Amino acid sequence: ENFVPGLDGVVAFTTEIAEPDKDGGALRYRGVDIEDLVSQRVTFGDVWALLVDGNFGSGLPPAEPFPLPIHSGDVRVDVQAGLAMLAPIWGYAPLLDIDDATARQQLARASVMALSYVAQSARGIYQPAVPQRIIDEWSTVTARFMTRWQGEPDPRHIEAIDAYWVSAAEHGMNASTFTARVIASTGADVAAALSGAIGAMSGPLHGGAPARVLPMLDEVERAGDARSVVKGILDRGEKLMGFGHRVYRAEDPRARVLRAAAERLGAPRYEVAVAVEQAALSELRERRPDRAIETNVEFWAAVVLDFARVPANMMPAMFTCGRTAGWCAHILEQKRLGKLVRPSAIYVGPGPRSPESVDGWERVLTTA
């Protein structure tokens, strides 16, 4: 026929959750801009509630003691499997059989427990757990995350993560968000939908690699040698990590608030990171002025996460931790919609044949 495969540009839903204005250079959760939410130090628990409920009514409850049962050596796999396992032990009914208030409570409980699992998986099995009495000294979900992970958290490192999670909470109908909405549309339990979205998020096609810009930033020692290093990397036929074709028509507003938070909090890498950004951006727009070249959000996400002592293998899990807010918001919205997401396909394969006309049919009879 006359169609392009991939559902590209096909409107699948109508949402009231968030609006990514790509030509206006803005990201608004329920109408509120993300810069307002970050600059006012609104914690992740409230932005979770704002995205899901639609207002600042009631935030996120604290997680319950639950030692992580999965130790696969992959933080993604640990939270993906551990989330699916919550339905039997906690008695999660399918979305068909529960009302909206029950689904919200189940989503908030699974969200806050995924954060507990990531902090436990990151801390590792070769270290004893942080006592729950120490974790309870803090009152926010992010502070408790750092305490369960590191033990004695630094408040500036908590503010960096609260800023990163808020800027990563929701960004439209990503493939993981679509997967969560599809699984939820079949009536399954909320834990089955969250677990499936994590599998989609683990895909490297869409996400960016924040841990790949850190080596380049380690080469440059002062703001001066940034131009020469960017010169050598481009002259050696390699690529510049953190820069490419624009996503928004101007810059990404998420890269805005991340860079601003890195400056406000006083990240040591900020002086060198700024010099590298202009040294890059300059070189790329001179070597190919025909393309719109901007700084990807992964560039300043690396500066913020590295400032909070987040290792390389932990950065992909830090994204998933914040993205649970948008996932639960779309799961609950998909529940109220009440429509199974079911596309169609066209057969272009072989016509009707007999089993004898298929190659290898002799092996079906020889080794029957």
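Throughout, we count residues from 1 along the sequence that is shown.
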Fill in: Comparing 214-222 with 192-200, the one whose average Cα B-factor in the PDB entry is higher
214-222
Fill in: Average Cα temperature factor in the PDB entry - higher stretch of 104-112, 280-288
280-288
Discussion item. By the CA temperature factor listed in this entry, which of these ranks top: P253, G82, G151, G244?
Written reply: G244
Practice prompt. Would you mind checking which of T186, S228, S121, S176 has the top Cα temperature factor in the PDB entry?
Written response: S228
Worksheet item: If you rank every modelled residue in this chain by C-alpha B factor, which third holds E137: lowest, middle or highest?
Response: middle
Worksheet item: Split the chain's modelled residues into thirds by Cα B-factor; is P65 in the lowest, middle or highest one?
Response: middle
Practice prompt. Within this chain's modelled residues, let me know which third the CA B factor of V11 belongs to: lowest, middle or highest.
Written response: highest
Worksheet, complete the sentence: Tertile call for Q334 (CA temperature factor, within chain, third-based) is the middle
Practice prompt. Compare the C-alpha B factor of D162 with those of the other modelled residues in its chain, then answer lowest, middle or highest third.
Written response: lowest
